[PDB]
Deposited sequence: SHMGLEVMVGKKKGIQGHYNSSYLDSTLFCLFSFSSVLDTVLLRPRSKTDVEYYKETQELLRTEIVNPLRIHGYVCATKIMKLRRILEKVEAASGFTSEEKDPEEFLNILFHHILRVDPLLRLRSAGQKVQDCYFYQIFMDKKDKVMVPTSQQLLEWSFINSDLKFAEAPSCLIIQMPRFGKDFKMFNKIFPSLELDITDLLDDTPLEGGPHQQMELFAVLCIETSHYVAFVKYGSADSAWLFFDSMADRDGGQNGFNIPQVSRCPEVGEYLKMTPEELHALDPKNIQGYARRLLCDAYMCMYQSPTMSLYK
């Protein structure tokens, strides 16, 4: 295997019919990271739903494995997964409409794959609450023009007095947005590392992906290496071949420039016109929807 097989035109997950929410999440979660690999390896039990086995086998052998070895997956495979999803949650547009990654993850991880909650959170000595991701929510006016994800997490946690019951191995954070026409911050600095030490009643995590969207189309950024420059951008529908009977062509491109913007301070990014942000880095800083964090495997010290 290697990196060179994952990079280029006709690479990644092939989009088809408003599927970018699915293609980009999968890409974020499985293209390079291994934090949720157990989810694909866990044997069928009594408690598991009817579609479990074939869901897991489709996800493992027709999607993740071909992605990792060939760098490409057909939209037909994704379409089979969307069909299962629609079998579980009917009349919700799983085969037709662009939806929220949150809903995809909930159906897949709660209903079909009997998946242990990734987050256990305690609010002010209450009993813990289970979820797969965390939503940043607070008021802006006092705060800085371009915050880091660190700061957002802190402020959101304090705003509702939360703590981790135990340290997560996979932390998916949703950025503070309110529909298409509203972003709390024009730019947000995605911290490469998260110190959660002061958020556990009683220590580190690393950023491996960022799921972005401007208004309706999801795209992905992925950190494949500890190197500053080790970033990829993925787009399930970067090009099209044919017309109505035609089809989409996904692309995975390298965006080292990202590593350079994340060496700068937020105050430097703020004083910088988004039109002067080179390459795909603009989309990262401006269109971030989910930051995904994992227990450090890529780095040293």
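Participant: No C-alpha coordinates anywhere in a stretch? Then put that deposited-sequence range on the list, in order along the chain.
Facilitator: According to the record, the gaps fall at 1-2, 205-212, 312.
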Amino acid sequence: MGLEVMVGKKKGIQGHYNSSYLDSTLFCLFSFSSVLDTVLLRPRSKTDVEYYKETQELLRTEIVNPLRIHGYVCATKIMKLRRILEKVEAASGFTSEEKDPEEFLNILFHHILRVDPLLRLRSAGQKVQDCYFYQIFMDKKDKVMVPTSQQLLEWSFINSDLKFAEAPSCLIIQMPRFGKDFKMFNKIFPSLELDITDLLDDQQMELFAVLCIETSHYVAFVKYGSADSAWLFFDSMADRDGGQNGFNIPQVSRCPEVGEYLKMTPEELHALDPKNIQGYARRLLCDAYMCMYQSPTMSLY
From here on, numbers count along this sequence of modelled residues.
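Participant: Would you mind comparing 251-259 and 37-45 for me and telling me which has the higher average C-alpha temperature factor in the entry?
Facilitator: Stretch with the higher mean C-alpha B-factor: 37-45.
Participant: On mean Cα temperature factor in this entry, is 78-86 or 189-197 the higher one?
Facilitator: That would be 189-197.
Participant: For the listed residues 223, 177, 217, 120, which one has the largest C-alpha B-factor as given in the deposited model?
Facilitator: Most elevated C-alpha B-factor of the set, per the entry: 120.
Participant: Among 95, 229, 151, 159, which carries the highest Cα B-factor?
Facilitator: Of 95, 229, 151, 159, 159 has the highest C-alpha B-factor.
Participant: Report the third (lowest, middle or highest) to which the CA temperature factor of residue 55 belongs, ranking only the modelled residues of the same chain.
Facilitator: It belongs to the middle third of the chain when residues are ordered by C-alpha B-factor.
Participant: Is the Cα B-factor recorded for residue 31 in the lowest, middle or highest third of its chain?
Facilitator: Tercile = lowest for this residue's CA B-factor.
Participant: Is residue 209 in the lowest, middle or highest third of its chain when residues are ranked by C-alpha B-factor?
Facilitator: Bottom third by C-alpha B-factor.
Participant: Classify residue 171 as lowest, middle or highest third according to the C-alpha B-factor given in the PDB entry, relative to its own chain.
Facilitator: Its C-alpha B-factor, which the entry lists for residue 171, ranks in the middle third among residues of this chain.
Participant: Considering only modelled residues of the same chain, in which third does the CA B-factor of residue 245 rank: lowest, middle or highest?
Facilitator: Tercile = highest for this residue's CA B-factor.
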